[PDB]
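[1] Provided hereafter are the protein sequence and its experimental coordinates.
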Amino acid sequence: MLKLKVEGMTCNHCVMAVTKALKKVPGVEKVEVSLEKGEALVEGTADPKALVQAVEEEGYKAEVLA
């Protein structure tokens, strides 16, 4: 399963929305993020690698806590 710990690789002095990054992956229809907990959850039928690669496309990797 997926549980993306969005790392603060850059702009760690600020915050950004990761939600728009997750939806771009096919099969994703719902998304939920917690800017305070540093986590990014989705609810779709996408592939495991497709999700974690999509956020890396924005330059923000995320440790699947699974």
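    Noted; the coordinates are in hand. Numbers count the residues shown, from 1 in each chain.
[2] name the residues of the helix or strand containing residue 22 that are buried.
    Using DSSP states H and E, residue 22 maps to helix 19-23. Judged by neighbour count using 16 or more other Cβ atoms under 10 Å, the buried positions of helix 19-23 are 21-22. (Each C-beta comes from the backbone N, C-alpha and C, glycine too.)
[3] try stretch 9-16
    By 16+ other Cβ under 10 Å, stretch 9-16 has no buried positions at all.
[4] neighbouring contacts of it?
    35, 59-61 (Cβ atoms under 8 Å, 6 or more residues apart in numbering).
[5] quick revisit: ok, and what's touching the very next helix or strand once past the helix holding residue 22?
    As assigned by DSSP H and E, the chain's next helix or strand after helix 19-23 is strand 28-34. Strand 28-34 is contacted from outside by 6, 17-19, 22-23, 39-44, 46, 51, using Cβ under 8 Å, 6+ apart.
[6] burial of residue 40, as a residue count?
    By other Cβ atoms under 10 Å, the residues close to residue 40 number 24.
[7] now do the contacts for it.
    Residue 40 touches 4-6, 18-19, 22, 31-34, 55, 62, counting by Cβ under 8 Å, 6+ apart.
[8] now the helix ranked longest in the chain: buried residues?
    Longest helix in the chain by number of residues (criterion: DSSP state H): helix 48-57. Neighbour counts over helix 48-57 (16+ other Cβ under 10 Å) mark 51-52, 54-55 as buried.
[9] so the residue of the chain positioned farthest from its centre, which state does it fall into?
    Computed with Cα atoms, centre = their mean, the residue of the chain farthest from its C-alpha average is residue 13, at 18.9 Å. Classification of residue 13 using DSSP: H, G, I helix; E, B strand; the rest coil returns coil.
[10] for it, give its distance to residue 41.
    Distance of residue 13 to residue 41, computed by Cβ to Cβ, to the nearest Å: 25 Å.
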